[PDB]
């Protein structure tokens, strides 16, 4: 069996690069030296983030970046490869701040992919940056192209792919070829922007790293788990926006693929990808958060889950009330709404009044502060057992996480992921996946194996009848049908032999 990818973001802001030091955590909280040899061996990829696209429509460092310091920080990451010959140091272009619809560089993303000439110039700059700084591949985190941008974006990925392949040959890197990945939407609403062209988007990639987290946040009316593996029938449900994608499918095909409303979960996003023909499970990487999302003003009853709340949604955080009791990092970062797993462990250990609770449907933990009305949705080594098992069972390519600086000091989240995939003595064959709600959609890419009596010409088939014919199992949509399955619109392809 081939090794699961373990992809960790390394995020460092420009001011920290410009003042880079390994001996002052109040200037750089998580320097490269915290990535020990043992961590380096547990990772397959580190995604250095974030570069940007400039107004010249080229991949570029933030213009305030000190170049010598940048090279130095990158050199420190690539030196980690000494401990792990499989390890790649990628760089990521984009992120939410640079690339969101209202982000500071958004128009550069749109314009870079818009014409053949712009794509060539952009693609070349990506490979030039990669070679200049010693990176091992390119990750694109544009959140998110839409509409006519999608065709440009696909052409841009195809062109970057060809240039990476040229570079792999030029460098004799066939043992560790240069790679191309993107960070993909992990929820139907954003995914619907490019969903109909998913196979084309994924074809040029080594992996699509699904952002299957941030599925709950202060923008929602109701608290919820941000990365539930499976659904909880007591939780909120959402309109399935994919059924409105430009797919050209029939009513029955849409309905069978896109139940609505549906539970917004990791399993939903993964299945939504697998339903598409030409999207291989081995390219799908499951993102997990190394941080929790915190809400205030929540009611009692169900541990703070699925409650109204009074958490500000504005950015930046609009006042100086840091109400996440015990979160020192929140004070430092002026935002009580996000806490690293590292910080959450300390909050749980201190005398701050949190209970750690567990939802056995979603297979995720949450903190509840009964006295102040606080709710925190996060992941730990325990929720990772179910996710890693799901990853193995669904034959996904691996796991990605945001971000390395958020693991605890011992790096237990990373070590847990590595152990669940690679430890000879770890056994999850008996781990019970629970009865949480599964996403049941079936599309052309994930037909189940089925059997049925062979189709017989001259027979009149009632609605709902199942037959096998030319490699597939088919179901009549109404009765009485006598046509050969697949030859007109009366038959639904429901399974494969």
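For the two forms, the rigid core is made up of the largest set of C-alpha atoms that agree within 1.5 Å on superposition. Numbering follows the first chain given and starts at 1.
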query	finding
Which of 123 to 131 and 140 to 148 lies farther from this form in 6 other deposited structures of this protein, as RMS of C-alpha positions after a rigid core fit	140 to 148
Comparing 45 to 53 with 61 to 69, the one whose average Cα B-factor in the PDB entry is higher	61 to 69
Greater mean Cα temperature factor according to the PDB record, 195 to 203 or 215 to 223	215 to 223
Selection from 100, 84, 265, 281 [criterion: highest C-alpha temperature factor in the record]	84
C-alpha B-factor winner, where the candidates are 274, 413, 399, 79	79
Modelled-residue ranking by C-alpha temperature factor, third containing residue 252	lowest
Chain thirds of CA B-factor: placement of residue 310	lowest
Position of residue 327 among the chain's modelled residues by C-alpha B-factor, lowest, middle or highest third	highest
CA B-factor placement of residue 437, once the chain's modelled residues are sorted into thirds	middle
Third assignment of residue 375 from its chain's C-alpha B-factors	lowest
